[PDB]
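For reference, the chain that follows is the form deposited without this ligand, supplied as structure tokens.
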């Protein structure tokens, strides 16, 4: 997949909101637990992600998520463009559903090893990214980005 493409969605659990970002080419995930879905939270997460990885385009399965002035400002500042659903590449959509499915499963498995849901979500990200499938998603993302540096 292009190395600059990410998917970003929110999922719901225990009355809280989990923002889940997946780097399409590797399956690596980043997530945060946010009070409720807001354009301000989506924008803040996008700016954080773009300062950490070379984010070129972001796709989502809820296009309305990216309407607000504040999200448009964050994409403008960071130089991100939206990847328009339209025929969401079949291999790509399959990566995204699969990583999202895997994360929700892991959260459930570690949930009682943490008091708060946000702690279990980050234990689930950690497990997910370090799981060898072979290399892990964490290994794959650094390989892909590092290889992309050198034209």
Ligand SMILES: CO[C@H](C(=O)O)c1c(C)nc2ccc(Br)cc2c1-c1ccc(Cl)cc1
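Positions refer to the first chain, counted from 1.
Another form, the form solved in complex with this ligand, is not on view; read the next lines as being about it.
- Although the partner is absent here, residue 82 sits far enough away that none of its heavy atoms falls within 4.5 Å of this ligand in the deposited bound form.
- With a 4.5 Å cutoff on heavy atoms, residue 69 counts as touching this ligand in the deposited bound form.
- The closest non-hydrogen atom of residue 31 lies beyond 4.5 Å of this ligand in the deposited bound form.
- The closest heavy atom approach of residue 103 to this ligand in the deposited bound form falls outside 4.5 Å.
- None of 40, 98, 109, 57 but one reaches within 4.5 angstroms of this ligand in the deposited bound form through a heavy atom, and that residue is 40.
- Along 6-32, no residue reaches a heavy atom to within 4.5 Å of this ligand in the deposited bound form.
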